[PDB]
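Spelled out, the chains give:
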Amino acid sequence: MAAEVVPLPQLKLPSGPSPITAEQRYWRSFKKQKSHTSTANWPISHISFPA
Amino acid sequence: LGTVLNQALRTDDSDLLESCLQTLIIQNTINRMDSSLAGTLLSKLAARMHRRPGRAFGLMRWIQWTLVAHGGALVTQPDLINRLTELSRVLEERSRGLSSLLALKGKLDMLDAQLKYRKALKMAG
Amino acid sequence: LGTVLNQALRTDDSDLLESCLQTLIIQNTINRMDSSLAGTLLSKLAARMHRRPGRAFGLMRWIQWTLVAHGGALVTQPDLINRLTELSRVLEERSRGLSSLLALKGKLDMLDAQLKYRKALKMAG
Amino acid sequence: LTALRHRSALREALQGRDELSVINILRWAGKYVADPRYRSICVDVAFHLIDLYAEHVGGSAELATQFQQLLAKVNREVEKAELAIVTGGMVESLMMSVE
Amino acid sequence: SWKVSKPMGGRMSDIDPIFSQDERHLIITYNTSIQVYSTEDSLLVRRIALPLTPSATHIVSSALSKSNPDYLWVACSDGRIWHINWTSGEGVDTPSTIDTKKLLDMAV
Amino acid sequence: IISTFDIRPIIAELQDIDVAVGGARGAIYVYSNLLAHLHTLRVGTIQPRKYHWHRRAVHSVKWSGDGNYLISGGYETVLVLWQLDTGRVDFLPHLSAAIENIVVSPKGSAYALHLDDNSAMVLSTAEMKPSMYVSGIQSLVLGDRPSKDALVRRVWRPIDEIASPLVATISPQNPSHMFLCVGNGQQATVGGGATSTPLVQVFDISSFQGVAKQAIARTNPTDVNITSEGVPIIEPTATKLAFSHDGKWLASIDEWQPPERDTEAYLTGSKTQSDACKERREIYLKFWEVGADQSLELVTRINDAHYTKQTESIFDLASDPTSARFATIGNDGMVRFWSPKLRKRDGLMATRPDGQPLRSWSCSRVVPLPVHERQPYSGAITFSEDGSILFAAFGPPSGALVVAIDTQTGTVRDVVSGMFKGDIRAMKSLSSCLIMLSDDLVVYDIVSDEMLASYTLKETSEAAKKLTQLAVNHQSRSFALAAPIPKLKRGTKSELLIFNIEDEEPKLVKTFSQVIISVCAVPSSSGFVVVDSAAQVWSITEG
Amino acid sequence: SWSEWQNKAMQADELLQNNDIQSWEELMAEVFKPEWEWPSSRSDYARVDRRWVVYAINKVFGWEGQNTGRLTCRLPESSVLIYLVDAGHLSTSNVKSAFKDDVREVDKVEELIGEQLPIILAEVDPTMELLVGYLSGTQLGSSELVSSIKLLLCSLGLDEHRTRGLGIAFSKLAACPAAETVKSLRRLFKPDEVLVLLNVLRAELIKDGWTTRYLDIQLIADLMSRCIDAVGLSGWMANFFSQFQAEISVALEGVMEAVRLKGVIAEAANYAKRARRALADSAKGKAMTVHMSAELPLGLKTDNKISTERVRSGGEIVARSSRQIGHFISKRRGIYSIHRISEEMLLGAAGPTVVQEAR
Amino acid sequence: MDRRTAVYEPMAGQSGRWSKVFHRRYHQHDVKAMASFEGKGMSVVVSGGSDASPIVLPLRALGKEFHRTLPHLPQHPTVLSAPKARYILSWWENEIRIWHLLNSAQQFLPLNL
RNA sequence: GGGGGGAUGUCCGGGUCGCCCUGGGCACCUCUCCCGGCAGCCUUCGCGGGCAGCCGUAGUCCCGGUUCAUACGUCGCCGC
């Protein structure tokens, strides 16, 4: 039973009383930003997509 | 800065909160802050103090004046003592390590004293 | 002030050392002091500090600057090393309650700022 | 560094250095004493560096700044640790008055 | 009212764990026990318990009989020698002393 | 200094012998031909071939079969193979423990290893996997043959000693299994001056085989066992380990401090090296979820379970027999009740990848304990058999006191003082009475507020006073203590006392030829299970 | 052996109904092991048994059941009572075990008995030497200690036996945890009695010398902080608190100054001790590196003598050869040194004189 | 080049099979050259490396006698002095270095050294 | 480290004044026993015990100023 060579495990350090949650990273993962301006700087009324 | 701080702590902003935290003004701000957002301010100050250790002086000043101004305002709350509990936890971690750090401070103060003595000799020579 | 401190310590005088104690010139004074005479200065500063707890805003600059410029002469005197190693033992004994006394400073900085708060509110109402 | 404290070899890891890498480990120790999540390991590394390399501080001026700049941040971390035990008393006062 | 069971288990002594003939069983000699395991399934096939009782007398040596297999020679620190046979237990209750001061080793 | 040797015959006559002497300094000296050198007053110059790889003493050397290879094994947990036709060397490096004995099969195929952690593995050659594995109880043993690297006066000379009792629980939901704390090997456990037992094993009682093994504290089997100076490393010892009421949780405490030789640069004023090592302690409190296949999984780890200006020692933990709750008593004074909640930050729960939610343990209750300082305090706690009351002995010298605390509310139901002569060793709670031992042993009923039986135990050394301990049965109301008969050494005797709850006469008085290191209670039935130094296990039962 | 104690208790019951206190007191003297002379040590008392302790408290003290009782002195003039005080058997667990019958319905029993008992000892003796002995002898909870401090401040706030116990109870109430001290102090104290106590603690702080300078602790800060949190804003809500925090800031600056001087002075003392050792050996002639002048060196490092042992592989210890010792000494020389050989060396008696260049 | 010297003798039995008897690090740098000699009652092997010290090993008594490190400094002293002028003097590759000492030794019985 | 002595070098009252001594300060060599370690040889199964012990310091003919380190099974890309 030769034990398999394991590397050094990184330390699970404790987290403060407001960690970045799974859903906060999930909504931060909407990464790539493209800002398309409207014609003549018109305010955008409504966006929509079909079901 | 009271209404701005009220807005930031009531809608969970970051830009308004940081631009009002980076700045008398602090005393007027916490005195014109709403009573119900004091625990929200305590938690949002404990979070920044944990996440960044270099901002401890101003954040302890803010927490100090908040606990001065709205003391019984947190007692009339009392099912929300867990924000004070997380605050106690953060300050206990900040005050961890003090005896060994004092020993190391003395061990370095000896070197600084000798270096300043040799500079005081080298300026007169 | 270099020559007033020489004569005050050889005769083991009580009054003439105090005339120089209250008054950068202090640093330039002890760099020219005779080193066996310099240990006589440390013997009485350790004598007053060991008998009673207190403070001295001027002696922190005094004791440290002599232990650097004239601490290497401490090998010649076996009496003063034992007096300094019982001095640093009792200065630990004042240091044990620094944590409990800092928490006392917190409550007084809390209540005095809250007693001033109601007094300002009576003139505000 | 925790593995090098647990395996008894932190002194062996620090004892063979030269001037620039001592300055590098001092710079890491100064930069990262601030986090109390590894203040213990970082202070222990600074203990061993003071015990090992405090003899050449007049020999090289740039290390003499890095010993003075590490006292400069250790001096600001007692004031942070005293203000957090001042403020920890006020939180302790409020939880007594809730009762 | 209360009764105590006979001791089982044991610590494996530093005497060499001997292979059987045709390599199918392994004879491991513990303190106060000698037991034969099978090499294939690693389940024990016999446990020959050995009465040790004189504070520290220990099993000094153990070997297969080189004249005939499926025998042993087990010897203590004091003079005692057993000639048991694994796959059975004939020889535990009949030791033979040797009149030693203290028996340090034996080899067959 | 000769540790071992293997001779091979060069042959139906006997032409020569080849001797391989493994010495205690680490080397293996191969004397190639002896009968043709000493057959011929005068002899020619004989000169052994030196093969030096092991740092410590080489425990076993054997020639392999045909005679091409020289297989060997020492403290460094590595089976080494000297190629001996070339100059090369190939090794099976990371076993569990020290290679204490090797043999070669009658054919050339199999090796058989006696590993120092009470094990034997028949390996096959160049598959190099154990084709037969047999494990034992692996507890601390007072060895008969002392040690093979205690011959040459090392930095820490290995001593046959037992400093503390074995940490073991019989597990409910499967009372045939026994969880107990072990190190890597016996010699690697006792080496370093402290017990370094960062592993547990599950050991079958009904059929005495070690079923499985797992790490609790941090361990590095794949790193070097010895420092560069020569001291063996110590690993965090699992001091207190006790098991939940359900059969589904397990809470352990493991402590580690740096060695005393290592500090040397943290001393500033009146600080000695023991004070610096005591300041730099690491006391983790880890909660394990036990699976169906005896596999432990972490759920939480608490780095500082009792904290003030520095970390505080944790003296005991106990499981509530009516709920999933662990009480831990510390050196700050307070008793903390830990309970499992689900992970849920803002209503959004965190679940495992298969779908079940993640449980996490946290401090449900804090109870500060009253102190009574007349002019180094240790603790002990136990629940009732019903729950709903937790008895907490708090332990300054001679003046010490038990506090009976409610569980539903944090208020103190009772306090009882003046019942301890020295420092408290342990305390258990049978059906109505507290059975507690200090220098005295007292059964003290709290439903009557009256001590029934009191004994002044015989004065002995501090090691034996540390190694006395008891255990209650909780099914038939009987308790059982264990005490060696009066520094500890090899030949000592111990005697255990079976008491009933009601009388003062001991119901069974049996002495044993070796000192018993642990007593445990089977949870399903009556009786006890005892584990000896010369590590054999035997069960005591009424009827 | 319960029946023997039961017969002895029935005989003492017969002595109680005879109302002959003297032979009862002599029987208690025989059990505890009239004249009634004392051994002069609070520690050196012989060990007695719990049932006789319980019977002693049951006969001495008394209870009034009207849904809440009152301990009273059935024997207010008794050597048995002063022995219970000096031997410290007057604990709440002891008196509850003595009175399991009448108190089993009573709630808040620890608070009632801890409030009532030191009052009873103080009304027994107006000189309260028995109260100070009880403070020094018995295991005491925070309610008993705050009532005892109330009693001593009632007495004060021939003339030192009270201030001794005033010093004792501060140490005990500093040993107690924060919760029980705060709740018992808030119960049993008035918010002006606390101001009296805070003036006593200021007398223990300023007169001790903390605010006082030099050229002209942990057990009192706990009491001050616990009293301040026990009053809180409901008691106070002047300049008294501003001068209060001024003197506490002054004492804090003193303690921080003591920390800095502690570190510096301890390091200089340890260097001076080891340098004294090395200079003694260099005067013997073992030729180590020592600093010459009277300032401190930069690295506070002294060269030790070479150990007689060597750590070989793998960890073993062997004797140092004098050859290797000479090699390390050849390393320990500098680049220039004057090594005077004397005629006494050439005769074979003395050693040389080495003066080496300061590195 | 691992400053290592290894000694091989033939394995007993089979012919033409050598094996390393023992190795030892005699030098402090690599062992660049060595040559043997065996005659007039003297079997040596002299190994010179990069630390300038020729090390003489006994060949036939190897493992039975200690080796010997010959001096790296030349046999001629290469140090000469004018004592009336107190000049010490030494020469190597093409330079002559002359030191003057300016004072006695009786004067010094450390900042002035 | 102490308990103590023989002897080195020294100033302050000093002494008929010399050998030095008493009173104070002392640093070193040597002797003496207890302190911490190390080995041998008898006794006993061990535990322990007994006997004569060396080391706690300094530089060598040459020279231990050495000897000693933990495998294979398989690599790459991207995703959750």
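Method of structure determination, per the deposited record: cryo-EM was used for this entry, reaching 7 Å resolution.

A.B. asks: So what exactly am I meant to see when it comes to the overall build of chain A here?
C.D. replies: Helix and strand counts for chain A stand at one helix and zero strands. Relative to its length of 51 residues, chain A is extended, with a C-alpha radius of gyration of 23 Å against a globular reference of 10 Å. In terms of principal-axis extent, the alpha carbons of chain A reach across some 70 × 30 × 25 Å.

A.B. asks: Can you help me understand the sheet that holds strand β13 (residues 168-170) of chain F in this one?
C.D. replies: Residue and element names in this part refer to chain F. The four strands lie next to each other as β13-β14-β15-β16, forming an open sheet whose pairing is antiparallel. Both outer strands of the open sheet, β13 and β16 (210-215), are each paired with one neighbouring strand and no more. Put simply, the sheet's adjacent strands are angled 20 degrees from each other on average, direction ignored.

A.B. asks: Could you clarify how one ought to interpret the interface of chain G and chain C in this entry?
C.D. replies: Interface size is commonly expressed as the accessible area that is lost once the parts come together. On the chain C side, the residues contacting the 50 residues of chain G number 51 residues. Both faces considered, chain G and chain C share a buried interface measuring about 5100 Å² in area, 71% of it formed by carbon and sulfur atoms. It is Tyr214(G), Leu215(G) and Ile265(G) in chain G that bury the most area against chain C; as a group they hold 17% of the surface buried on that side. Scanning the region where chain G abuts chain C turns up zero salt bridges. Linking chain G with chain C are 13 residue pairs in polar contact. Top element by residues in the side of chain G that touches chain C is helix α15 (residues 239-284) of chain G. It accounts for 27 residues. For the side of chain G that touches chain C, a count of residues per class yields 30 nonpolar, eight polar and twelve charged.

A.B. asks: Before we go on, may I ask you to explain the protein's contact with RNA strand I in this structure?
C.D. replies: Taken together, 45 residues are adjacent to RNA strand I, and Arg312(G), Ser313(G), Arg323(G), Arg333(G) and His67(H) come closest. Backbone atoms, meaning sugar and phosphate, form 47% of the atoms of RNA strand I found within 4 Å of the protein. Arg310(G) places a side-chain nitrogen or oxygen 3.0 Å from a phosphate oxygen of RNA strand I. Contact distances for RNA strand I include 2.3 Å between a sugar or linking oxygen and a backbone N or O atom of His67(H). When contributions to the surface near RNA strand I are tallied by element, the ones reaching two or more residues are β4 (49-52) and β8 (89-92) of chain F, α16 (322-332) of chain G together with β2 (18-24) and β6 (68-69) of chain H. At seven residues, the largest contribution of residues to the surface near RNA strand I is made by α16(G). Tallied by class, residues from the surface near RNA strand I come to eleven nonpolar, 16 polar and 18 charged.

A.B. asks: What's the story with the nonpolar core in this structure? I'm lost.
C.D. replies: Side chains of a nonpolar character, in soluble globular proteins, are inclined to be buried together. Counting residues in hydrophobic clusters, the biggest one holds 165 residues, and the most contacted among them are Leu67(B), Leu104(B), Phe61(G) and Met224(G). The biggest single contributor to this core is helix α5 (residues 61-98) of chain D, with 14 residues. Those residues in contact with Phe61(G) that sit more than four places away from it in its chain are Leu71(G), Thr72(G), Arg74(G), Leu81(G), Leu90(G), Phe99(G), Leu117(G) and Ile120(G). Listed in part, the 47 residues of the second largest apolar core include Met33(C), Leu67(C), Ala69(C) and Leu296(G).

A.B. asks: Any chance you could explain the relation of the copies chain B and chain C here in plain terms?
C.D. replies: Between the two copies of the chain lies a relationship made up of a rotation around an axis and a movement along it. Take chain B, turn it by 179 degrees, move it 0.6 Å along the axis, and it overlays chain C with an RMSD of 2.6 Å. Given the turn and translation reported, the copies of this chain are related as if by a two-fold rotation axis.

A.B. asks: For this particular structure, what's the right way to read a nonpolar patch on the surface?
C.D. replies: Judged by side-chain polarity, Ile335(G), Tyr336(G), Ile88(H), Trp92(H), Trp99(H) and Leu101(H) come together as a nonpolar surface patch covering roughly 630 Å² of accessible area. Here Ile88(H) is to be found in strand β8 (residues 87-92). Owing to a relative accessible area of 33%, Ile88(H) belongs among the partly exposed residues under this scheme.

A.B. asks: What should I look at first to understand the pattern of salt bridges in this one?
C.D. replies: One side chain can pair with another of opposite charge once the charged atoms of both are near each other. As enumerated under the stated definition, the model contains 42 salt bridges over all chains in all. One salt bridge in this structure joins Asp44(D) and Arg5(D), with 3.0 Å as the shortest N-O distance. Taken together, the residues span a long stretch of sequence, with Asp44(D) in helix α4 (residues 39-53) and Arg5(D) in helix α1 (residues 2-6) at a distance of 39 residues. Across the pair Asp503(F) and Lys507(F) runs a salt bridge, and its minimum N-O distance is 3.3 Å. A single network of salt bridges, built from pairs that share partners, joins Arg5(D), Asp44(D), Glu279(F), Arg280(F) and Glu282(F).

A.B. asks: Help me understand the pairing of strand β19 (residues 282-290) of chain F, please; the structure alone is not making it clear to me.
C.D. replies: Two faces belong to every sheet, and in a regular strand the side chains alternate between them. Residues and elements named next belong to chain F. The buried count for β19 comes to seven of nine residues, which makes it a mostly enclosed element. The sheet contact formed by strand β18 (residues 249-256) and β19 spans eight bridges and is antiparallel. Each bridged residue has a counterpart across the sheet, and for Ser 252 the counterpart in β19 is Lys 286. Bridge analysis of β19 against strand β20 (residues 296-302) gives six bridges, and the strand direction is antiparallel. Residue pairing across strands places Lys 286 opposite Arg 301, the latter belonging to β20.

A.B. asks: What is the right way to read the interface of chain B and chain C from this model?
C.D. replies: Taken together, the contact pairs 13 residues of chain B with twelve residues of chain C. The largest contributions to the chain B side of the interface with chain C come from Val68(B), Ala113(B) and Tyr117(B), which together make up 43% of the buried area. Between chain B and chain C we count zero salt bridges in total. Where the side of chain B that touches chain C is concerned, the elements lending two or more residues are α5 (57-69) and α8 (98-124) of chain B. Examining the composition of the side of chain B that touches chain C, we find that seven residues originate from one element, α8(B), more than from any other. Its residues assigned to classes, the side of chain B that touches chain C shows eight nonpolar, four polar and one charged.

A.B. asks: Honestly, unusual backbone geometry in this entry has me stumped. Any pointers?
C.D. replies: Note on backbone geometry: most residues besides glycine have negative phi, and most peptide bonds are trans. Note that the residue after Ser313(G), namely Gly314(G), is joined by a cis bond; omega there is -5 degrees. Structurally, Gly314(G) is set in the loop between β1 (309-311) and β2 (317-319). Backbone geometry at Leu84(F) places phi at a positive 70 degrees, although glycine is not the residue there. Of note, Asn19(G) is a non-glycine position whose phi angle comes to about 55 degrees, a positive value.

A.B. asks: Got a minute to help me understand the packing of aromatic side chains in this structure?
C.D. replies: Any pair of aromatic rings gets described here by the distance separating the centres and the angle formed by the planes. In this structure the tally under the stated criterion is 31 aromatic pairs over all chains. Relative to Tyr38(D), the ring of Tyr32(D) lies with its centre 5.6 Å away and its plane at 80 degrees, an arrangement referred to as edge-to-face. For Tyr32(D), a relative accessible area of 30% gives the class partly exposed. A residue is classified by how much of its surface remains accessible, and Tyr38(D), at 22% relative accessible area, is partly exposed. Ring pairing ties together the aromatic residues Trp249(F), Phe287(F), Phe326(F), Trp338(F) and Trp361(F), which thus form one cluster.

A.B. asks: Hey, could you run me through the packing of helix α7 (residues 109-124) of chain G against helix α9 (residues 142-155) of chain G in this one?
C.D. replies: Packed helices, taken two at a time, are described by the angle between their axes plus the distance between the axes. All names here are of chain G. Packing of α7 against α9 leaves a shortest axis separation of 8 Å and a crossing angle of 35 degrees. α9 is crossed by α7, and the crossing has right-handed handedness. Note on element contacts: α9 touches α7 through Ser 143, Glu 144, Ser 147, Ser 148, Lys 150 and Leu 151, opposite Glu 110, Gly 114, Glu 115, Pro 118, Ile 119 and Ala 122. Its residues assigned to classes, the contact of α7 with α9 shows four nonpolar, four polar and four charged.

A.B. asks: What should I look at first to understand the arrangement of the chains in this one?
C.D. replies: With 15 pairs of chains in contact overall, the greatest share of contacts is found between chains C and G. Regarding chain B and chain E, which are not in contact, the minimum distance between any of their C-alpha atoms is 46 Å. Left apart from each other, chain E and chain G have a closest C-alpha approach of 23 Å.

A.B. asks: Sorry if this is basic, but what is going on with the packing of helix α6 (residues 78-95) of chain C against α15(G) here?
C.D. replies: Look at α6(C) against α15(G): their axes get within 8 Å of each other, and the N-to-C directions meet at 150 degrees. In the crossing of α6(C) with α15(G), the sense of the turn from one axis to the other is left-handed. Contact with α6(C), carried on its side by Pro78(C), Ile81(C), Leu84(C), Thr85(C), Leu87(C), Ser88(C), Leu91(C), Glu92(C), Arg94(C) and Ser95(C), involves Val255(G), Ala258(G), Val259(G), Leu261(G), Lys262(G), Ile265(G), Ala266(G), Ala269(G), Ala272(G), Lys273(G) and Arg276(G) of α15(G) and no other residues of that element. Of the residues assigned to the contact of α6(C) with α15(G), the class counts are 13 nonpolar, three polar and five charged.

A.B. asks: Any chance you could explain the environment of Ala38(C) here in plain terms?
C.D. replies: Residues and elements named next belong to chain C. Its location among the elements puts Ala 38 in helix α4 (residues 35-51). Judged by its relative accessible area of 1%, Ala 38 is buried. Considering only alpha carbons, one finds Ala 38 and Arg 83, 45 residues apart in sequence, at a separation of 15 Å. Other than its neighbours up to four places away in sequence, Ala 38 contacts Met 33 and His 70.

Conventions we followed
- Residues numbered from 1 in each chain as written, not as in the entry; some residues may be left out.
- Chains lettered and ligands numbered in written order.
- Part of a larger assembly, values for the part shown.
- Heavy atoms only, no water.
- Residues with missing side-chain atoms left out of burial classes, pairs and counts.
- Helix = DSSP H or I, 4+ residues; strand = E, 2+ residues; numbered from the N terminus.
- Rg over C-alpha atoms; globule rule 2.2 N^0.38 Å.
- Pairing = 2+ DSSP bridges.
- Axes fitted to C-alpha atoms, helices over the stretch in contact; angles between N-to-C directions.
- Contact = heavy atoms within 4.5 Å.
- Buried area = accessible area lost by both parts, 1.4 Å probe.
- Salt bridge = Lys/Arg side-chain N within 4 Å of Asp/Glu carboxyl O.
- Polar contact = N/O pair within 3.5 Å; in protein donor to acceptor, adjacent residues only side chain to side chain.
- Nonpolar A, V, L, I, M, F, W, Y, C, P; charged D, E, K, R; others polar.
- Near = heavy atom within 4 Å.
- Core = buried A, V, L, I, M, F, W, Y, C linked by side-chain atoms within 4.5 Å.
- Buried < 20%, exposed > 50% of the residue type's maximum accessible area, 1.4 Å probe, protein only.
- Least-squares fit on C-alpha atoms.
- Patch = residues over 30% accessible without salt bridge, like charges linked within 9 Å, V, L, I, M, F, W, Y side chains within 5 Å.
- Areas by Shrake-Rupley, 256 points an atom, 1.4 Å probe, with all protein chains shown as cover.
- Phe/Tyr/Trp six-rings, centres within 6.5 Å; stacked < 30°, edge-to-face > 60°.
- Left-handed = near helix turned anticlockwise from the far one by under 90°.

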